[PDB]
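The structure appears below as structure tokens.
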There are 4 protein chains.
Amino acid sequence: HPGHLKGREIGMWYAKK
Amino acid sequence: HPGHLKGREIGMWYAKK
Amino acid sequence: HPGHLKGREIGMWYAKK
Amino acid sequence: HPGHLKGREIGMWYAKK
DNA sequence: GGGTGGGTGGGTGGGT
DNA sequence: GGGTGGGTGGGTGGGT
DNA sequence: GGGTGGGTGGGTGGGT
DNA sequence: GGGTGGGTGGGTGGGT
Ligand SMILES: [K+]
Ligand SMILES: [K+]
Ligand SMILES: [K+]
Ligand SMILES: [K+]
Ligand SMILES: [K+]
Ligand SMILES: [K+]
Ligand SMILES: [K+]
Ligand SMILES: [K+]
Ligand SMILES: [K+]
Ligand SMILES: [K+]
């Protein structure tokens, strides 16, 4: 996943797809 | 709480302690 | 529930939906 | 963990120790 | 669970 | 959380 | 695995 | 990683 993501946004990157 | 208790009995068992 | 709510307003937020 | 455990009891076997 | 049970009982207890 | 809040709201929601 | 489980639990645990 | 996140998400993902 993209390095900039933090927190919830890391998990949501995979969820959103 | 003991199983045989019902209704207000269940709450009051906790109340009484 | 929204953070600003207090007291009865918290409960009624759920109640009113 | 012991094979018999299921569900919540698997996670909690690690939590207890 | 409901709002006529109350809100200084609390909000990860549930309403989802 | 308390027991003048009620017990067909429930007990896996929690309880000096 | 899912996104109402949460993000100070972590991203080398995975997102078949 | 924690157990107040849930257990029909899984246990070869990891576990002071
Ligand atoms: K995640
Ligand atoms: K996760
Ligand atoms: K009660
Ligand atoms: K009660
Ligand atoms: K309420
Ligand atoms: K209540
Ligand atoms: K677990
Ligand atoms: K887990
Ligand atoms: K209550
Ligand atoms: K997890």
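Proteins get letters first, then strands, A, B, ... in listed order; numbering begins at 1 in each.
With E:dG3, F:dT16, G:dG15 as the choices, the nucleotide that has an atom nearest any side-chain atom of C:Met12 turns out to be E:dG3. The side chain of A:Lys17 lies closest to G:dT16 when the candidates are G:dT16, F:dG15, H:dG11. Nearest to the side-chain atoms of D:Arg8 among the listed nucleotides G:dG11, E:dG11, H:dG7 stands H:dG7. Checking G:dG7, E:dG11, F:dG11 against the side-chain heavy atoms of C:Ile10 singles out E:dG11 as nearest. Considering only side-chain atoms of C:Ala15, the nucleotide from H:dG3, F:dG3, E:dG3 that sits closest is E:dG3.
Separation of atoms NZ (C:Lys17) and CE (C:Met12) is listed at 12.5 Å; rounding is to 0.5 Å. How far CD1 of D:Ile10 is from OH of D:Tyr14: 8.0 Å, rounded to the nearest 0.5 Å.
For the pair C:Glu9 and C:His1, both in contact range of DNA chain E, the more 5′-proximal nearest nucleotide belongs to C:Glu9.
Within 4.0 Å (heavy atoms only), A:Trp13 reaches no atom of the nucleic acid at all.
Here C:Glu9 pairs with nothing under the salt bridge (charged side-chain N to carboxylate O under 4.0 Å, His left out) rule; sequence neighbours left out.
Under 4.0 angstrom from either OP1 or OP2 of G:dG6 there lies no side-chain N or O belonging to A:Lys6.
One interatomic measurement links the two molecules: NZ of C:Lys16 to P of E:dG14, which rounds to 21 Å at whole-angstrom precision. Atom-to-atom, OH of B:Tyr14 to P of F:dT16 comes out at 10 Å; the value is rounded to the nearest Å.
Residue-environment remark: NZ (B:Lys16) stays at or below the threshold of 12 foreign heavy atoms within 6.0 Å.
Nucleotides G:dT4 and E:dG15 place their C1' atoms 12 Å apart, quoted to the nearest Å. On the P atoms, F:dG7 is 23 Å away from E:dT16, given to the nearest whole Å.
Under a 3.5 Å cut-off, the side chain of D:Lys6 and the backbone N or O of D:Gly3 do form a donor-acceptor pair.
G:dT4: sugar pucker south (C1'-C2'-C3'-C4' torsion negative). A positive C1'-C2'-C3'-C4' torsion places the sugar of G:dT16 in the north, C3'-endo-side range.
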